[PDB]
$ cat start.cif   # mmCIF, C-alpha atoms
data_upload
#
loop_
_atom_site.group_PDB
_atom_site.id
_atom_site.type_symbol
_atom_site.label_atom_id
_atom_site.label_comp_id
_atom_site.auth_asym_id
_atom_site.auth_seq_id
_atom_site.Cartn_x
_atom_site.Cartn_y
_atom_site.Cartn_z
ATOM 1 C CA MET A 1 50.258 108.342 169.731
ATOM 2 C CA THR A 2 53.112 110.796 170.378
ATOM 3 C CA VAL A 3 55.900 111.438 167.871
ATOM 4 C CA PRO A 4 58.614 109.571 169.887
ATOM 5 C CA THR A 5 56.657 106.356 169.123
ATOM 6 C CA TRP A 6 57.561 106.807 165.454
ATOM 7 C CA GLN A 7 60.700 105.045 164.251
ATOM 8 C CA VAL A 8 62.073 106.952 161.228
ATOM 9 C CA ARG A 9 62.110 104.747 158.119
ATOM 10 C CA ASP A 10 65.742 104.508 157.048
ATOM 11 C CA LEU A 11 65.435 103.866 153.309
ATOM 12 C CA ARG A 12 69.099 104.563 152.417
ATOM 13 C CA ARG A 13 69.603 100.949 151.233
ATOM 14 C CA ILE A 14 66.476 101.057 149.077
ATOM 15 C CA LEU A 15 68.027 102.293 145.854
ATOM 16 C CA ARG A 16 65.637 101.209 143.118
ATOM 17 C CA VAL A 17 63.194 103.970 142.186
ATOM 18 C CA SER A 18 60.039 101.817 142.084
ATOM 19 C CA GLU A 19 60.844 100.142 145.437
ATOM 20 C CA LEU A 20 61.684 103.455 147.067
ATOM 21 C CA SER A 21 58.386 105.011 145.982
ATOM 22 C CA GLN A 22 56.457 102.072 147.475
ATOM 23 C CA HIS A 23 58.356 102.317 150.798
ATOM 24 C CA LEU A 24 57.718 106.080 150.958
ATOM 25 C CA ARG A 25 53.992 105.522 150.314
ATOM 26 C CA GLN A 26 53.805 102.988 153.153
ATOM 27 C CA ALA A 27 55.861 105.156 155.525
ATOM 28 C CA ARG A 28 53.455 108.051 155.012
ATOM 29 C CA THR A 29 50.419 105.839 155.620
ATOM 30 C CA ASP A 30 51.986 104.298 158.779
ATOM 31 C CA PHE A 31 52.874 107.755 160.113
ATOM 32 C CA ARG A 32 49.310 109.064 159.582
ATOM 33 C CA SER A 33 47.760 105.868 160.984
ATOM 34 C CA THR A 34 49.659 106.025 164.276
ATOM 35 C CA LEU A 35 49.852 109.799 164.841
ATOM 36 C CA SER A 36 46.548 111.167 163.386
ATOM 37 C CA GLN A 37 45.713 113.902 160.859
ATOM 38 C CA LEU A 38 46.896 116.590 163.281
ATOM 39 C CA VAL A 39 50.337 116.142 164.836
ATOM 40 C CA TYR A 40 51.839 118.374 167.524
ATOM 41 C CA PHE A 41 55.421 117.454 168.364
ATOM 42 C CA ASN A 42 57.513 120.144 170.035
ATOM 43 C CA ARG A 43 57.082 121.064 173.704
ATOM 44 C CA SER A 44 56.483 124.722 174.511
ATOM 45 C CA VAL A 45 59.304 126.692 176.143
ATOM 46 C CA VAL A 46 56.585 128.746 177.883
ATOM 47 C CA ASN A 47 54.735 125.725 179.302
ATOM 48 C CA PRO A 48 57.117 122.688 178.913
ATOM 49 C CA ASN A 49 54.360 120.133 179.480
ATOM 50 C CA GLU A 50 52.148 121.450 176.644
ATOM 51 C CA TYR A 51 52.946 121.606 172.939
ATOM 52 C CA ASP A 52 53.950 124.777 171.091
ATOM 53 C CA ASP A 53 51.819 126.105 168.218
ATOM 54 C CA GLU A 54 53.372 124.124 165.324
ATOM 55 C CA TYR A 55 51.398 121.157 163.962
ATOM 56 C CA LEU A 56 51.794 118.738 161.065
ATOM 57 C CA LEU A 57 49.009 118.255 158.584
ATOM 58 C CA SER A 58 49.373 114.564 157.753
ATOM 59 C CA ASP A 59 46.516 114.415 155.206
ATOM 60 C CA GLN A 60 48.892 115.524 152.475
ATOM 61 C CA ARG A 61 51.634 113.973 150.376
ATOM 62 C CA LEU A 62 55.244 113.810 151.495
ATOM 63 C CA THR A 63 57.622 116.607 150.566
ATOM 64 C CA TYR A 64 61.415 116.460 150.505
ATOM 65 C CA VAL A 65 64.243 118.363 152.162
ATOM 66 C CA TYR A 66 67.465 117.566 150.311
ATOM 67 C CA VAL A 67 70.635 117.049 152.383
ATOM 68 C CA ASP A 68 74.102 115.440 152.436
ATOM 69 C CA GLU A 69 74.532 111.966 154.010
ATOM 70 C CA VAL A 70 76.035 113.231 157.280
ATOM 71 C CA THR A 71 73.107 115.632 157.745
ATOM 72 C CA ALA A 72 70.655 112.884 156.741
ATOM 73 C CA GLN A 73 71.985 110.619 159.520
ATOM 74 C CA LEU A 74 72.059 113.406 162.133
ATOM 75 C CA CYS A 75 68.545 114.583 161.311
ATOM 76 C CA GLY A 76 66.947 111.167 160.732
ATOM 77 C CA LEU A 77 68.261 109.562 163.927
ATOM 78 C CA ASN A 78 67.483 112.581 166.077
ATOM 79 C CA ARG A 79 64.190 113.983 164.749
ATOM 80 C CA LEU A 80 65.747 117.219 163.486
ATOM 81 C CA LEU A 81 65.133 119.406 160.477
ATOM 82 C CA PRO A 82 67.905 121.736 159.178
ATOM 83 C CA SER A 83 67.631 125.199 157.723
ATOM 84 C CA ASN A 84 68.822 125.354 154.107
ATOM 85 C CA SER A 85 68.420 129.101 153.607
ATOM 86 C CA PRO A 86 69.209 132.212 155.707
ATOM 87 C CA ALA A 87 66.774 133.658 158.303
ATOM 88 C CA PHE A 88 66.214 130.078 159.579
ATOM 89 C CA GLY A 89 64.384 128.998 156.428
ATOM 90 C CA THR A 90 63.722 125.410 155.452
ATOM 91 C CA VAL A 91 62.738 124.883 151.825
ATOM 92 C CA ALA A 92 60.984 121.638 150.876
ATOM 93 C CA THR A 93 59.675 120.443 147.517
ATOM 94 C CA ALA A 94 57.111 118.017 146.150
ATOM 95 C CA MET A 95 59.731 117.017 143.496
ATOM 96 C CA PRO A 96 60.619 113.467 144.554
ATOM 97 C CA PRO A 97 64.230 112.203 144.731
ATOM 98 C CA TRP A 98 63.941 110.384 141.352
ATOM 99 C CA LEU A 99 62.467 113.280 139.336
ATOM 100 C CA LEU A 100 65.796 114.827 138.338
ATOM 101 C CA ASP A 101 69.464 113.849 138.593
ATOM 102 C CA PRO A 102 71.065 115.210 141.813
ATOM 103 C CA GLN A 103 73.205 117.562 139.677
ATOM 104 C CA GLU A 104 70.078 119.081 138.073
ATOM 105 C CA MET A 105 68.292 119.265 141.418
ATOM 106 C CA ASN A 106 71.280 121.095 142.879
ATOM 107 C CA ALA A 107 70.964 123.783 140.180
ATOM 108 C CA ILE A 108 67.304 124.345 141.071
ATOM 109 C CA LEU A 109 68.066 124.317 144.813
ATOM 110 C CA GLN A 110 70.772 126.967 144.382
ATOM 111 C CA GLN A 111 68.280 129.250 142.663
ATOM 112 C CA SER A 112 65.659 128.532 145.369
ATOM 113 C CA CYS A 113 67.731 128.869 148.545
ATOM 114 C CA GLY A 114 70.281 131.392 149.809
ATOM 115 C CA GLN A 115 73.446 130.885 151.830
ATOM 116 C CA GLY A 116 73.833 130.971 155.611
ATOM 117 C CA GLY A 117 71.690 128.037 156.727
ATOM 118 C CA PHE A 118 72.795 124.654 158.106
ATOM 119 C CA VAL A 119 72.625 123.105 154.655
ATOM 120 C CA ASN A 120 74.045 125.258 151.868
ATOM 121 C CA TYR A 121 73.401 123.966 148.344
ATOM 122 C CA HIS A 122 75.856 126.433 146.815
ATOM 123 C CA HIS A 123 78.731 124.051 147.582
ATOM 124 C CA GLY A 124 77.411 121.707 144.894
ATOM 125 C CA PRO A 125 75.489 118.430 144.423
ATOM 126 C CA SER A 126 77.053 116.577 147.381
ATOM 127 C CA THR A 127 74.769 118.792 149.503
ATOM 128 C CA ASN A 128 71.621 117.151 148.053
ATOM 129 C CA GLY A 129 72.694 113.519 147.460
ATOM 130 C CA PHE A 130 70.301 112.368 150.221
ATOM 131 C CA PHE A 131 66.869 113.414 151.485
ATOM 132 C CA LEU A 132 64.559 113.767 154.440
ATOM 133 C CA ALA A 133 60.911 112.984 153.655
ATOM 134 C CA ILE A 134 58.493 115.045 155.738
ATOM 135 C CA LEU A 135 54.905 116.026 156.245
ATOM 136 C CA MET A 136 54.828 119.819 156.424
ATOM 137 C CA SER A 137 53.477 121.879 159.312
ATOM 138 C CA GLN A 138 51.158 124.871 158.911
ATOM 139 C CA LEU A 139 54.271 127.098 158.955
ATOM 140 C CA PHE A 140 55.285 125.949 155.471
ATOM 141 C CA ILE A 141 53.935 128.286 152.790
ATOM 142 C CA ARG A 142 53.930 127.513 149.058
ATOM 143 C CA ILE A 143 56.484 129.744 147.293
ATOM 144 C CA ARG A 144 56.589 128.465 143.704
ATOM 145 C CA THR A 145 55.403 125.800 141.269
ATOM 146 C CA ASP A 146 57.748 124.130 138.748
ATOM 147 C CA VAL A 147 56.456 122.101 135.798
ATOM 148 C CA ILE A 148 58.436 119.035 134.656
ATOM 149 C CA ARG A 149 57.182 116.561 132.013
ATOM 150 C CA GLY A 150 53.828 118.373 132.113
ATOM 151 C CA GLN A 151 53.330 117.976 135.873
ATOM 152 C CA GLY A 152 53.340 120.652 138.572
ATOM 153 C CA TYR A 153 55.526 120.412 141.680
ATOM 154 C CA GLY A 154 55.176 122.758 144.641
ATOM 155 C CA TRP A 155 58.045 124.430 146.495
ATOM 156 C CA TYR A 156 57.489 125.377 150.136
ATOM 157 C CA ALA A 157 59.309 127.342 152.790
ATOM 158 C CA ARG A 158 59.155 127.394 156.581
ATOM 159 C CA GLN A 159 60.319 130.847 157.712
ATOM 160 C CA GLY A 160 63.328 132.314 155.804
ATOM 161 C CA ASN A 161 61.567 135.589 154.810
ATOM 162 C CA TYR A 162 60.026 134.026 151.676
ATOM 163 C CA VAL A 163 56.808 135.393 150.193
ATOM 164 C CA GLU A 164 53.777 133.143 149.576
ATOM 165 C CA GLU A 165 52.819 132.213 145.993
ATOM 166 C CA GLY A 166 50.363 134.762 144.616
ATOM 167 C CA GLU A 180 53.538 136.868 164.364
ATOM 168 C CA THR A 181 52.310 135.756 167.794
ATOM 169 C CA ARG A 182 52.566 131.945 167.597
ATOM 170 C CA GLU A 183 55.200 129.990 169.495
ATOM 171 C CA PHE A 184 57.496 127.903 167.348
ATOM 172 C CA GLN A 185 61.182 127.076 166.916
ATOM 173 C CA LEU A 186 63.593 129.351 165.093
ATOM 174 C CA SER A 187 66.999 127.719 164.697
ATOM 175 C CA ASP A 188 69.282 126.237 162.052
ATOM 176 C CA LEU A 189 68.394 122.845 163.541
ATOM 177 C CA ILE A 190 64.889 122.350 164.926
ATOM 178 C CA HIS A 191 63.127 119.425 166.570
ATOM 179 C CA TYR A 192 60.837 118.113 163.804
ATOM 180 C CA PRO A 193 59.319 114.721 162.909
ATOM 181 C CA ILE A 194 60.974 112.926 160.007
ATOM 182 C CA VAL A 195 58.914 110.318 158.150
ATOM 183 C CA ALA A 196 61.815 108.736 156.264
ATOM 184 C CA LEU A 197 65.349 109.336 155.002
ATOM 185 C CA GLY A 198 67.003 108.003 151.866
ATOM 186 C CA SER A 199 69.452 108.418 149.015
ATOM 187 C CA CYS A 200 69.062 110.312 145.713
ATOM 188 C CA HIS A 201 71.593 108.001 144.018
ATOM 189 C CA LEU A 202 68.892 105.806 142.578
ATOM 190 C CA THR A 203 68.651 103.135 139.915
ATOM 191 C CA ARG A 204 65.665 103.090 137.588
#

$ encode --input "start.cif" --output "structure tokens"
Amino acid sequence: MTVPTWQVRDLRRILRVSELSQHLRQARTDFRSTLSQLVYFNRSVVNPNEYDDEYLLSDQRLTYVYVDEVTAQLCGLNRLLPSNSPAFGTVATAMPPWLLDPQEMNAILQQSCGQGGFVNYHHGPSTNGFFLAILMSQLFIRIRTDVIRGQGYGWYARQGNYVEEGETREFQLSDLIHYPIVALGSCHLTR
């Protein structure tokens, strides 16, 4: 089916870590089940009836774009993804919302992302108190790996002039793009 058939999972009232993880797992499975392993989503500006070149790879785990609650609501309800770095970059991570306290996550985000985008983590932890859970398109490249409690977590960037760890396509370049959101939720979680 097409992306508009997907109702974003609003998990903002699921605040226990174990419950949230289970809901995220199910949301990912339901998304893949209904939309396939290969998901086009944005209509071309060149031919408005066909899709542009950006596609989601849904045979992968969810990654997270951290946001404030206002941005979470705007993006979740409207199928949008914000930039969080200059040059229209969106940085996502495999680090789930319960891995670190939002204050700690904000420190890592500040080091990972510049200023000038829609979301700007340099204003402090209120900017990452919530999250958008996504499946990444082929335009996300891995930029770094962080190791916490002996486990590796990838960091990824769509655009933003990042360099990959170790252009003729048509796609959106904006501080807010049309993009499928699997789920949204809070980082203010109880163990």

$ closest_residue --input "start.cif" --among "A:158, A:93, A:63, A:15" --to "residue 145 (chain A)" --atoms "all atoms listed in the file"
A:93

$ residues_around --input "start.cif" --residues "region 104-113 of chain A" --least-positions-apart "2" --cutoff "10 Å" --atoms "all atoms listed in the file" --output "PDB file with C-alpha atoms, in the frame of the given file"
ATOM      1  CA  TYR A  66      67.465 117.566 150.311  1.00  0.00           C
ATOM      2  CA  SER A  83      67.631 125.199 157.723  1.00  0.00           C
ATOM      3  CA  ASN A  84      68.822 125.354 154.107  1.00  0.00           C
ATOM      4  CA  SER A  85      68.420 129.101 153.607  1.00  0.00           C
ATOM      5  CA  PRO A  86      69.209 132.212 155.707  1.00  0.00           C
ATOM      6  CA  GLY A  89      64.384 128.998 156.428  1.00  0.00           C
ATOM      7  CA  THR A  90      63.722 125.410 155.452  1.00  0.00           C
ATOM      8  CA  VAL A  91      62.738 124.883 151.825  1.00  0.00           C
ATOM      9  CA  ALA A  92      60.984 121.638 150.876  1.00  0.00           C
ATOM     10  CA  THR A  93      59.675 120.443 147.517  1.00  0.00           C
ATOM     11  CA  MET A  95      59.731 117.017 143.496  1.00  0.00           C
ATOM     12  CA  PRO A  97      64.230 112.203 144.731  1.00  0.00           C
ATOM     13  CA  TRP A  98      63.941 110.384 141.352  1.00  0.00           C
ATOM     14  CA  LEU A  99      62.467 113.280 139.336  1.00  0.00           C
ATOM     15  CA  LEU A 100      65.796 114.827 138.338  1.00  0.00           C
ATOM     16  CA  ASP A 101      69.464 113.849 138.593  1.00  0.00           C
ATOM     17  CA  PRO A 102      71.065 115.210 141.813  1.00  0.00           C
ATOM     18  CA  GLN A 115      73.446 130.885 151.830  1.00  0.00           C
ATOM     19  CA  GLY A 116      73.833 130.971 155.611  1.00  0.00           C
ATOM     20  CA  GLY A 117      71.690 128.037 156.727  1.00  0.00           C
ATOM     21  CA  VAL A 119      72.625 123.105 154.655  1.00  0.00           C
ATOM     22  CA  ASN A 120      74.045 125.258 151.868  1.00  0.00           C
ATOM     23  CA  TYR A 121      73.401 123.966 148.344  1.00  0.00           C
ATOM     24  CA  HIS A 122      75.856 126.433 146.815  1.00  0.00           C
ATOM     25  CA  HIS A 123      78.731 124.051 147.582  1.00  0.00           C
ATOM     26  CA  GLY A 124      77.411 121.707 144.894  1.00  0.00           C
ATOM     27  CA  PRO A 125      75.489 118.430 144.423  1.00  0.00           C
ATOM     28  CA  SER A 126      77.053 116.577 147.381  1.00  0.00           C
ATOM     29  CA  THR A 127      74.769 118.792 149.503  1.00  0.00           C
ATOM     30  CA  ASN A 128      71.621 117.151 148.053  1.00  0.00           C
ATOM     31  CA  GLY A 129      72.694 113.519 147.460  1.00  0.00           C
ATOM     32  CA  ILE A 143      56.484 129.744 147.293  1.00  0.00           C
ATOM     33  CA  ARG A 144      56.589 128.465 143.704  1.00  0.00           C
ATOM     34  CA  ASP A 146      57.748 124.130 138.748  1.00  0.00           C
ATOM     35  CA  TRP A 155      58.045 124.430 146.495  1.00  0.00           C
ATOM     36  CA  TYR A 156      57.489 125.377 150.136  1.00  0.00           C
ATOM     37  CA  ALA A 157      59.309 127.342 152.790  1.00  0.00           C
ATOM     38  CA  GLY A 160      63.328 132.314 155.804  1.00  0.00           C
ATOM     39  CA  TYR A 162      60.026 134.026 151.676  1.00  0.00           C
ATOM     40  CA  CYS A 200      69.062 110.312 145.713  1.00  0.00           C
TER      41      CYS A 200
END

$ atom_distance --input "start.cif" --atom1 "CA of residue 8 (chain A)" --atom2 "CA of residue 134 (chain A)"
10.4 Å

$ residues_near_point --input "start.cif" --point "(59.4, 112.8, 163.9)" --cutoff "10 Å" --atoms "all atoms listed in the file" --output "mmCIF file with C-alpha atoms, keeping the file's coordinate frame"
data_model
loop_
_atom_site.group_PDB
_atom_site.id
_atom_site.type_symbol
_atom_site.label_atom_id
_atom_site.label_comp_id
_atom_site.auth_asym_id
_atom_site.auth_seq_id
_atom_site.Cartn_x
_atom_site.Cartn_y
_atom_site.Cartn_z
ATOM 1 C CA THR A 2 53.112 110.796 170.378
ATOM 2 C CA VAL A 3 55.900 111.438 167.871
ATOM 3 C CA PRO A 4 58.614 109.571 169.887
ATOM 4 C CA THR A 5 56.657 106.356 169.123
ATOM 5 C CA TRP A 6 57.561 106.807 165.454
ATOM 6 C CA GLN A 7 60.700 105.045 164.251
ATOM 7 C CA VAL A 8 62.073 106.952 161.228
ATOM 8 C CA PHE A 31 52.874 107.755 160.113
ATOM 9 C CA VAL A 39 50.337 116.142 164.836
ATOM 10 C CA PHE A 41 55.421 117.454 168.364
ATOM 11 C CA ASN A 42 57.513 120.144 170.035
ATOM 12 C CA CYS A 75 68.545 114.583 161.311
ATOM 13 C CA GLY A 76 66.947 111.167 160.732
ATOM 14 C CA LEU A 77 68.261 109.562 163.927
ATOM 15 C CA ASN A 78 67.483 112.581 166.077
ATOM 16 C CA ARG A 79 64.190 113.983 164.749
ATOM 17 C CA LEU A 80 65.747 117.219 163.486
ATOM 18 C CA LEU A 81 65.133 119.406 160.477
ATOM 19 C CA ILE A 134 58.493 115.045 155.738
ATOM 20 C CA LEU A 135 54.905 116.026 156.245
ATOM 21 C CA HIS A 191 63.127 119.425 166.570
ATOM 22 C CA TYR A 192 60.837 118.113 163.804
ATOM 23 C CA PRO A 193 59.319 114.721 162.909
ATOM 24 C CA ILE A 194 60.974 112.926 160.007
ATOM 25 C CA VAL A 195 58.914 110.318 158.150
ATOM 26 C CA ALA A 196 61.815 108.736 156.264
#

$ resolve_selection --input "start.cif" --expression "the PyMOL selection byres ((chain A and resi 12) around 10)" --output "list in words"
residues 9, 10, 11, 13, 14, 15, 20, 69, 72, 73, 130, 131, 196, 197, 198, 199, 200, 201 and 202 of chain A

$ write_last_selection --input "start.cif" --atoms "C-alpha atoms" --output "PDB file, in the frame of the given file"
ATOM      1  CA  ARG A   9      62.110 104.747 158.119  1.00  0.00           C
ATOM      2  CA  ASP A  10      65.742 104.508 157.048  1.00  0.00           C
ATOM      3  CA  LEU A  11      65.435 103.866 153.309  1.00  0.00           C
ATOM      4  CA  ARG A  13      69.603 100.949 151.233  1.00  0.00           C
ATOM      5  CA  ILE A  14      66.476 101.057 149.077  1.00  0.00           C
ATOM      6  CA  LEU A  15      68.027 102.293 145.854  1.00  0.00           C
ATOM      7  CA  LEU A  20      61.684 103.455 147.067  1.00  0.00           C
ATOM      8  CA  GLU A  69      74.532 111.966 154.010  1.00  0.00           C
ATOM      9  CA  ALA A  72      70.655 112.884 156.741  1.00  0.00           C
ATOM     10  CA  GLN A  73      71.985 110.619 159.520  1.00  0.00           C
ATOM     11  CA  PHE A 130      70.301 112.368 150.221  1.00  0.00           C
ATOM     12  CA  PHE A 131      66.869 113.414 151.485  1.00  0.00           C
ATOM     13  CA  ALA A 196      61.815 108.736 156.264  1.00  0.00           C
ATOM     14  CA  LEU A 197      65.349 109.336 155.002  1.00  0.00           C
ATOM     15  CA  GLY A 198      67.003 108.003 151.866  1.00  0.00           C
ATOM     16  CA  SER A 199      69.452 108.418 149.015  1.00  0.00           C
ATOM     17  CA  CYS A 200      69.062 110.312 145.713  1.00  0.00           C
ATOM     18  CA  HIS A 201      71.593 108.001 144.018  1.00  0.00           C
ATOM     19  CA  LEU A 202      68.892 105.806 142.578  1.00  0.00           C
TER      20      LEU A 202
END

$ atom_distance --input "start.cif" --atom1 "CA of residue 1 (chain A)" --atom2 "CA of residue 34 (chain A)"
6.0 Å
